[PDB]
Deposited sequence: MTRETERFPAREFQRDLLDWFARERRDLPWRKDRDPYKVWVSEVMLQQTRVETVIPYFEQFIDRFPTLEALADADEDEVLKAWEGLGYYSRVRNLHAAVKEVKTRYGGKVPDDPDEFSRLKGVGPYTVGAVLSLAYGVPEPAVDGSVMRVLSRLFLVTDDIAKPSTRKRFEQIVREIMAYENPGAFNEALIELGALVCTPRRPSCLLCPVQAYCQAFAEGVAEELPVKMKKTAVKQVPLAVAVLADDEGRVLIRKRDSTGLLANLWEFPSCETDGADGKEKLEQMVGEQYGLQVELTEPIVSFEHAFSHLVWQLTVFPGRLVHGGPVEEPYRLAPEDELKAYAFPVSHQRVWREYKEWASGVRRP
């Protein structure tokens, strides 16, 4: 049916030739491949590079990561987004240490039982690190295959991914699955790009139904995103006389879990300074807002308003709250939105 060998040859030769020397490609420690694959979920290669370098310098092996304090691991992820990824990884390595004594399982089902490890990450890690011939279908590979085999199913359905997964097993080169899997990923990065794909340069120009029919720009097929809710948020930056600032740790469930923030209130309607004033009551005086700005998430947009305030100590500071010397805020992991809050507060203070 499908000229697998001729296809594989023009792909893998292209790949030994064009492969980028990325940091996590220096070797095949499963730990390092695994860390990189988690960081790369919904995140551009170029963004990941500096975080990977710093993360592995802090946590050079699996037990280092497991032994480390949740707070330390989260701070190393600060700014990357989708922070549940690193809680899942941390939990997952703790389990690989206790349960399996430090060795990354090479059994798919056992590896996949670990938190964070879905079908993509099973494929990527096991095919690169241990040679296991599982497909590693990322969003890019779904685009590639959609264009190659002219598969028009919505790639948002879980079922479509399962179809693409089966296709990969058929066309795969079981002689070297790691390189096969990498090469498809690399092809989507370097040639078969979301817009204006470089089909003329493409190595597998000859096997591409979409190019033949002239529709590469028309793929892949994906349901248009839903518009996201908007959420007004009042944020208090409260300083006492010695310059200390009040922060609090978000709970471990839901949005931006276990990250630190300046005390904040979702103000569906009005009464920002009021709804804020009452929440810290549950001794503070808040002045007029100093800035308003938006911050996007995938599924909502915060509309933040920052209110300065003076803190007067009439009691102890009870969890989740913490009294932080300004010079110590850098120790805590904050979301990018509250990083900006602080920046805006300090430039107003000038």
Deposited positions lacking CA coordinates: 1-6, 289-292, 361-365
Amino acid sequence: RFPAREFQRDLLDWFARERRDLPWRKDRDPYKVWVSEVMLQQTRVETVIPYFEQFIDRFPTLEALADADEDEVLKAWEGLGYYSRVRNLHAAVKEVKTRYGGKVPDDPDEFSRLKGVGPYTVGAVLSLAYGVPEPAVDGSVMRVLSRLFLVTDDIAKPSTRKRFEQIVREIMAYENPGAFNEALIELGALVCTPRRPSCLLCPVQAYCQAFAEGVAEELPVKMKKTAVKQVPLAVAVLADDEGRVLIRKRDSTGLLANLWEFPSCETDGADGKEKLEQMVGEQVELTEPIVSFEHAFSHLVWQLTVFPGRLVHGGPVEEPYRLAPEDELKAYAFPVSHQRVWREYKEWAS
From here on, numbers count along this sequence of modelled residues.
Average Cα temperature factor in the PDB entry - higher stretch of 16-24, 323-331: 323-331
Which of 201-209 and 86-94 has higher mean CA B factor, as the PDB entry lists it: 201-209
From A227, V132, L256, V191, residue of greatest CA B-factor: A227
Among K75, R113, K273, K249 - the residue whose C-alpha B-factor is largest in the record: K273
B-factor third for the C-alpha atom of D106 within its chain: middle
CA B-factor ranking of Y174, expressed as a third of its chain: highest
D138 - which third its CA temperature factor falls in, relative to the rest of the chain: lowest
Record-listed C-alpha B factor of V144: chain third: lowest
Third of chain Cα B-factors occupied by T305: middle
